[PDB]
Amino acid sequence: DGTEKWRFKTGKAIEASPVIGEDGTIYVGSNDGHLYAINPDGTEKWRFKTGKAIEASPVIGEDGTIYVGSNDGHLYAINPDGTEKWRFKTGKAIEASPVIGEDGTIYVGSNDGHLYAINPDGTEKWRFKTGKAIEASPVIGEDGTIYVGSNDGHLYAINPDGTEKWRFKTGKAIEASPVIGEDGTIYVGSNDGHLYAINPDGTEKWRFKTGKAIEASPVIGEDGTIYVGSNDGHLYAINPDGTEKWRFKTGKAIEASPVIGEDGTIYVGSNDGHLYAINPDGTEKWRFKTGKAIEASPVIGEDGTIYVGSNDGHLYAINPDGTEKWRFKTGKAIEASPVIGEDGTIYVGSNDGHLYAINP
């Protein structure tokens, strides 16, 4: 129905998506430096104080441990009951969510230029230094290889034991996580205006030029087509062999990844303030107007409803035919993707400091 179930006020703006635990608890970081655990009914379960803003979504381990970074430089491991399990100090702020390996190893980038590998018990397993800050979360391959980008423009492939496998130079800084295809191919966008497709062994498979920094990760459709947005406002559909399938123009920079619907429709947000629905063949299905730039990916509900945040303060729910279902007005601006619960409740963080729970 689009009605407010409850809202939970935190001290400051919420800038990253909430994460839902197996028991329904909703975890979200706020700029007030705390990690909140909110009960499904809107009451507080606990809050964990850190020294600075938490800008990235928390990650939940197999044992229920919630891991989240903070601008105070530390990776925190929080028990389900809200007590600290351990804390690991890095040089600079950590801007992106951690990643957990098959054996429980927690990988996290910090602004000090190193990729850290932290054991389940909190001790350092290893660290690997890059030339510059690691902006985006690392990605792990089927063999445990850790792929991570860096402001120094290089893509690194790090082995589970911490040694370097290879690195792949691109023209400029890499700001979005790599995405790996089913055949093992590693795809990453660069600020140098190209999409790079890199083989598991470190050689280039192909490169595809866009002309402006990509800044968001590729998404792969079921048929292998790779879709990437660029700051030039175009959405590219690239075949697995590196040739172009089609391109679609949006008004302004595409700063978040596209999402593909069950029927093949490709949805993408634009800084021009519109949400585009693009048919598999490259034609436009529809264009839905919001009042300001859409900085985060749309999320699709089980009924097919598309939910997007907007800088104009509203949460939009759009029917698959392009008409509006409803809009919900938050105080300031919605920076992160909505997350949908097991009962269909849509949770979203807003810059007004509140976490909202919106009915379907």
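All values below come from the heavy atoms of this structure, side chains included, with hydrogens, waters and symmetry mates left out. All residue numbers in this chain count up from 1 along the given sequence.
At a cut-off of 3.5 Å, with distance as the only test, no side-chain donor of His234 or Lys249 sits close to an acceptor on the other residue. Side-chain contact, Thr345 with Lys5: no donor N or O sits under 3.5 Å from an acceptor N or O. A donor atom on one side chain and an acceptor atom on the other are not found under 3.5 Å apart for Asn351 and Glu15.
Hydrophobic clustering, with ILVMFWY side chains joined whenever heavy atoms are under 4.5 angstrom apart, keeps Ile220 apart from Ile266.
Across all their heavy atoms, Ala176 and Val188 have their closest contact at O-CG2, 4.0 Å. Residues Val19 and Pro58 approach most closely at CG2-O, 3.1 Å, considering heavy atoms. Here the closest heavy-atom approach between residue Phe168 and residue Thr203 is recorded as CE1-C, 4.4 Å. In terms of heavy-atom proximity, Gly24 sits nearest to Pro40 at O-CG, 3.6 Å. Shown here for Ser110 and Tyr116, the closest heavy-atom pair between the two residues is CB-CE1, 4.3 Å.
Taken to the nearest 0.5 Å, the CD1 atom of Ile294 stands 11.0 Å off from the OG atom of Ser337. The OH atom of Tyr27 sits 5.5 Å away from atom CH2 of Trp46, with the distance rounded to the nearest 0.5 Å.
Ion pairing between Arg287 and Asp272 holds under the 4.0 Å rule for side-chain N and carboxylate O.
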Practice problem: For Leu35 and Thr50, run side chain to side chain contact (heavy atoms under 4.5 Å, CB included): C-alpha distance rounded to whole Å, both residues' side-chain angles, the deciding distance at 0.1 Å, then the answer. | Solution: CA-CA 8 Å; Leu35 177 67; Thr50 82; 5.7 Å; no
